[PDB]
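Okay, upload_15.txt is below, compact mmCIF, C-alpha atoms:
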```txt
# COMPACT_ATOMS: atom_id res chain seq x y z
CA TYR A 663 -41.57 55.29 20.78
CA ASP A 664 -41.66 57.77 17.83
CA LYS A 665 -40.29 55.11 15.39
CA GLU A 666 -39.39 57.67 12.67
CA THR A 667 -36.63 59.49 14.67
CA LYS A 668 -36.37 57.02 17.65
CA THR A 669 -37.08 59.77 20.26
CA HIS A 670 -38.71 57.73 23.11
CA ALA A 671 -40.62 59.58 25.89
CA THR A 672 -42.00 58.22 29.22
CA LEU A 673 -45.49 59.20 30.56
CA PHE A 674 -47.01 58.26 33.96
CA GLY A 675 -50.83 58.03 33.81
CA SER A 676 -52.90 59.91 36.46
CA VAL A 677 -49.79 60.16 38.74
CA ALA A 678 -49.25 63.15 41.09
CA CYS A 679 -46.46 65.53 39.96
CA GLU A 680 -44.84 65.67 43.45
CA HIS A 681 -44.26 61.86 43.87
CA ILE A 682 -42.23 60.97 40.71
CA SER A 683 -38.47 61.79 40.81
CA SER A 684 -35.63 61.16 38.29
CA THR A 685 -33.84 57.80 38.98
CA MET A 686 -36.47 57.06 41.70
CA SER A 687 -35.20 54.42 44.20
CA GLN A 688 -38.51 54.11 46.16
CA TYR A 689 -39.95 51.50 43.71
CA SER A 690 -38.93 47.80 43.46
CA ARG A 691 -39.51 47.43 39.67
CA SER A 692 -38.91 43.74 38.79
CA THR A 693 -36.91 42.26 35.84
CA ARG A 694 -36.50 45.82 34.43
CA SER A 695 -32.75 46.72 34.80
CA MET A 696 -33.37 50.43 33.94
CA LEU A 697 -36.07 52.84 32.57
CA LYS A 698 -35.40 55.68 30.04
CA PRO A 710 -39.35 66.83 33.12
CA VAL A 711 -42.64 68.77 32.62
CA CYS B 811 -47.49 37.43 38.62
CA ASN B 812 -48.11 39.90 41.50
CA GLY B 813 -44.36 40.68 41.18
CA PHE B 814 -42.74 37.83 43.16
CA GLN B 815 -39.52 36.83 41.30
CA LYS B 816 -40.28 33.06 41.56
CA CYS B 817 -43.77 33.72 40.10
CA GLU B 818 -42.28 36.01 37.38
CA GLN B 819 -40.04 33.20 36.05
CA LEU B 820 -42.77 30.58 36.13
CA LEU B 821 -44.49 33.12 33.90
CA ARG B 822 -41.42 33.42 31.66
CA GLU B 823 -42.46 29.88 30.88
CA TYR B 824 -45.69 31.30 29.38
CA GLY B 825 -44.27 34.61 28.14
CA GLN B 826 -46.09 34.87 24.81
CA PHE B 827 -49.58 34.87 26.35
CA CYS B 828 -48.98 38.21 28.06
CA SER B 829 -47.72 39.67 24.80
CA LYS B 830 -50.82 38.49 22.97
CA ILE B 831 -53.10 40.05 25.59
CA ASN B 832 -51.22 43.35 25.55
CA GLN B 833 -51.28 43.56 21.77
CA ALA B 834 -54.99 42.78 21.57
CA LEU B 835 -55.85 45.54 24.03
CA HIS B 836 -53.54 48.01 22.28
CA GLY B 837 -55.22 47.33 18.96
CA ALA B 838 -58.70 47.72 20.41
CA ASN B 839 -57.80 51.07 21.94
CA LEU B 840 -56.33 52.30 18.66
CA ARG B 841 -59.53 51.34 16.84
CA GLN B 842 -61.57 53.24 19.42
CA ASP B 843 -59.45 56.32 18.82
CA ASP B 844 -59.93 56.05 15.06
CA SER B 845 -63.67 55.64 15.45
CA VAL B 846 -63.98 58.76 17.60
CA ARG B 847 -61.82 60.72 15.18
CA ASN B 848 -63.91 59.66 12.19
CA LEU B 849 -67.23 60.41 13.87
CA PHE B 850 -66.22 63.90 14.87
CA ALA B 851 -64.72 64.45 11.43
CA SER B 852 -68.23 64.01 10.09
CA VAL B 853 -69.93 66.10 12.80
CA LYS B 854 -67.61 68.94 11.66
CA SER B 855 -70.01 70.97 9.42
CA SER B 856 -67.26 73.67 8.84
CA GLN B 857 -70.00 76.37 8.44
CA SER B 858 -71.77 77.78 11.55
CA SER B 859 -73.55 80.82 13.07
CA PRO B 860 -71.68 82.03 16.28
```

Once more with this new file: its structure as structure tokens, please.
Amino acid sequence: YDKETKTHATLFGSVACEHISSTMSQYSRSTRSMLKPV
Amino acid sequence: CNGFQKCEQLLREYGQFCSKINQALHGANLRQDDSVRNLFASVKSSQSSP
């Protein structure tokens, strides 16, 4: 979160670099409208 | 709830339990981090022979 300046960042734990893509449509995330790259 | 939508809403009935569990685990992990940091802050002699 970074509460002081509200600069949120998203980290995937132990996940291969090749698989994740921006705006990925291969996952059926549930009850999570939307989510918000070295 | 494995992720089935019908199961997820039956859980919305219980929503606060999941929050309590998540917060407890988050606090425990933070305390572990602090403990490690403190211990190695005392192992740090600050004077050494290469």

Mind running chain B against chain A at 10 Å and telling me each contacting residue's nearest atom pair with the distance in Å (one decimal), counting all atoms listed in the file, chain and number ascending, as JSON lines?
```
{"residue": "B:813", "atom": "CA", "partner": "A:692", "partner_atom": "CA", "distance": 6.7}
{"residue": "B:814", "atom": "CA", "partner": "A:692", "partner_atom": "CA", "distance": 8.3}
{"residue": "B:815", "atom": "CA", "partner": "A:692", "partner_atom": "CA", "distance": 7.4}
{"residue": "B:818", "atom": "CA", "partner": "A:693", "partner_atom": "CA", "distance": 8.4}
{"residue": "B:819", "atom": "CA", "partner": "A:693", "partner_atom": "CA", "distance": 9.6}
```

Those residues with C-alpha atoms, as a tab-separated table (two decimals), keeping the file's coordinate frame please?
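File produced: out.tsv:
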```
chain	number	residue	atom	x	y	z
B	813	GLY	CA	-44.36	40.68	41.18
B	814	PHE	CA	-42.74	37.83	43.16
B	815	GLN	CA	-39.52	36.83	41.30
B	818	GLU	CA	-42.28	36.01	37.38
B	819	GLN	CA	-40.04	33.20	36.05
```

To one decimal place in Å, what is the distance between CA of residue 711 (chain A) and CA of residue 673 (chain A)? 10.2 Å

Region 677-686 of chain A environment, 9 Å, only C-alpha atoms, sequence neighbours closer than 2 positions dropped, as a count of residues only: 8

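Here CA of residue 663 (chain A) stands at a distance of 15.2 Å from CA of residue 840 (chain B).
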
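Between CA of residue 668 (chain A) and CA of residue 698 (chain A) the interatomic distance comes to 12.5 Å.
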
Repaired coordinates for region 835-859 of chain B (N, CA and C atoms) as a compact mmCIF listing (two decimals), keeping the file's coordinate frame:
```txt
# COMPACT_ATOMS: atom_id res chain seq x y z
N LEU B 835 -55.28 44.34 23.41
CA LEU B 835 -55.85 45.54 24.03
C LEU B 835 -55.35 46.80 23.34
N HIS B 836 -54.07 46.84 22.97
CA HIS B 836 -53.54 48.01 22.28
C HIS B 836 -54.26 48.24 20.97
N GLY B 837 -54.50 47.18 20.21
CA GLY B 837 -55.22 47.33 18.96
C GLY B 837 -56.64 47.82 19.16
N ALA B 838 -57.33 47.28 20.16
CA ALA B 838 -58.70 47.72 20.41
C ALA B 838 -58.75 49.20 20.76
N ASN B 839 -57.81 49.65 21.59
CA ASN B 839 -57.80 51.07 21.94
C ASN B 839 -57.50 51.95 20.74
N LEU B 840 -56.59 51.52 19.87
CA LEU B 840 -56.33 52.30 18.66
C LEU B 840 -57.58 52.40 17.79
N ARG B 841 -58.31 51.30 17.64
CA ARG B 841 -59.53 51.34 16.84
C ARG B 841 -60.56 52.27 17.45
N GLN B 842 -60.67 52.29 18.78
CA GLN B 842 -61.57 53.24 19.42
C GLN B 842 -61.19 54.67 19.09
N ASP B 843 -59.89 54.97 19.14
CA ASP B 843 -59.45 56.32 18.82
C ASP B 843 -59.82 56.68 17.39
N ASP B 844 -59.60 55.77 16.46
CA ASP B 844 -59.93 56.05 15.06
C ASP B 844 -61.42 56.27 14.88
N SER B 845 -62.23 55.48 15.58
CA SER B 845 -63.67 55.64 15.45
C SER B 845 -64.13 57.00 15.94
N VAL B 846 -63.61 57.44 17.09
CA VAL B 846 -63.98 58.76 17.60
C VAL B 846 -63.55 59.84 16.62
N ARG B 847 -62.33 59.72 16.10
CA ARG B 847 -61.82 60.72 15.18
C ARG B 847 -62.69 60.82 13.94
N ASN B 848 -63.08 59.67 13.38
CA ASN B 848 -63.91 59.66 12.19
C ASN B 848 -65.28 60.27 12.46
N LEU B 849 -65.90 59.90 13.57
CA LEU B 849 -67.23 60.41 13.87
C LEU B 849 -67.20 61.93 14.00
N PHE B 850 -66.24 62.46 14.75
CA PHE B 850 -66.22 63.90 14.87
C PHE B 850 -65.70 64.59 13.62
N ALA B 851 -65.02 63.87 12.73
CA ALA B 851 -64.72 64.45 11.43
C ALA B 851 -65.96 64.62 10.59
N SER B 852 -66.98 63.81 10.82
CA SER B 852 -68.23 64.01 10.09
C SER B 852 -69.21 64.94 10.79
N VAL B 853 -69.14 65.07 12.11
CA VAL B 853 -69.93 66.10 12.80
C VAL B 853 -69.45 67.50 12.45
N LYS B 854 -68.19 67.61 12.00
CA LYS B 854 -67.61 68.94 11.66
C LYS B 854 -68.29 69.50 10.40
N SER B 855 -69.32 70.33 10.57
CA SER B 855 -70.01 70.97 9.42
C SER B 855 -69.06 71.93 8.68
N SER B 856 -68.25 72.70 9.41
CA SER B 856 -67.26 73.67 8.84
C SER B 856 -67.94 75.00 8.50
N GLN B 857 -69.27 75.09 8.64
CA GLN B 857 -70.00 76.37 8.44
C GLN B 857 -70.94 76.52 9.63
N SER B 858 -70.94 77.67 10.32
CA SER B 858 -71.77 77.78 11.55
C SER B 858 -72.15 79.23 11.85
N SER B 859 -73.20 79.44 12.64
CA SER B 859 -73.55 80.82 13.07
C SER B 859 -73.08 81.00 14.53
```
